[PDB]
Amino acid sequence: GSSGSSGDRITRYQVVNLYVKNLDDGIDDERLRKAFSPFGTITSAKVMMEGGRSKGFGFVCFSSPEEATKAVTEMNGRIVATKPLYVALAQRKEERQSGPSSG
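Residues numbered from 1 in each chain as written, not as in the entry; some residues may be left out. Heavy atoms only, no water.

Method information in the entry identifies solution NMR as the source of the structure.

For the protein chain, the name recorded in the PDB entry is Polyadenylate-binding protein 3, with Homo sapiens as its organism. This entry's official PDB title is "Solution structure of RNA binding domain 4 in Polyadenylation binding protein 3".

What follows is the structure, given as structure tokens:
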């Protein structure tokens, strides 16, 4: 008998930006960016905060796509505090600098 699983199909356009979700309150920017370096260099890494608390999601960028890819998996499903860091490639990037003038 002889069998085997193949099909890398890891090919994809230049995508280094990663979308991180489920960021425990304890986990802060540094932490996140610190839990990604081990995979590849980072140029843009920050977590969205609602002023005082951590929304629960951030963004991480790498030097090269390949390096970013791994992280996605090497991370996706990795527990640190209570919930697993939901890591996934961000097909599209939403850059809308705005906010509700109120308080």
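After that view of the structure, there is still more to cover.
Colleague: Could you clarify how one ought to interpret the packing of aromatic side chains in this entry?
Modeller: How two aromatic rings sit relative to each other is given by the distance of their centres and the angle of their planes. Under the defined criterion, the tally for this structure stands at two aromatic pairs. In this structure, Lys21 packs its charged tip against the face of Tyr86, placed 4.9 Å from the ring centre. (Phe/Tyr/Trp six-rings, centres within 6.5 Å; stacked < 30°, edge-to-face > 60°. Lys NZ or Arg CZ within 6 Å of the ring centre and 35° of its normal.)

Colleague: Is there a simple way to explain the layout of surface pockets in this structure?
Modeller: Taken as a whole, the largest pocket holds about 540 Å³ of empty space. Every residue lining the largest pocket is counted, 17 residues in all, and those nearest its centre are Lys46, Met48, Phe59, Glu94 and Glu95. Of all the secondary-structure elements, those providing two or more residues to the lining of the largest pocket are β2 (42–49) and β3 (54–62). In terms of residues, the lining of the largest pocket owes the most to one element, β3, which gives four residues. In terms of residue class, the lining of the largest pocket is made up of seven nonpolar, four polar and six charged. (1 Å grid on protein atoms, 1.4 Å probe; cavity = no way out; pocket = protein on both sides within 12 Å on 5 of 7 lines; lining within 4 Å. Points joined across faces, edges and corners; volume = space filled by probe spheres on them. Helix = DSSP H or I, 4+ residues; strand = E, 2+ residues; numbered from the N terminus. Nonpolar A, V, L, I, M, F, W, Y, C, P; charged D, E, K, R; others polar.)

Colleague: Any chance you could explain the sheet that holds strand β1 (residues 18–21) here in plain terms?
Modeller: Whether parallel or antiparallel, the strands of a sheet pair through hydrogen bonds between backbone atoms. The sheet built from four strands is open, its strands ordered β2-β3-β1-β4 with antiparallel pairing. Across the chains shown, the open sheet's two edge strands, defined by having one partner strand only, are β2 and β4 (86–89). Neighbour-to-neighbour, the strand axes of the sheet open up by a mean angle of 20 degrees, direction not taken into account. Sheet topology places β1 next to β4; four bridges connect them, and they run antiparallel. Note that in β4 the partner of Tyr19 across the bridge is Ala88. (Pairing = 2+ DSSP bridges. Axes fitted to C-alpha atoms, helices over the stretch in contact; angles between N-to-C directions.)

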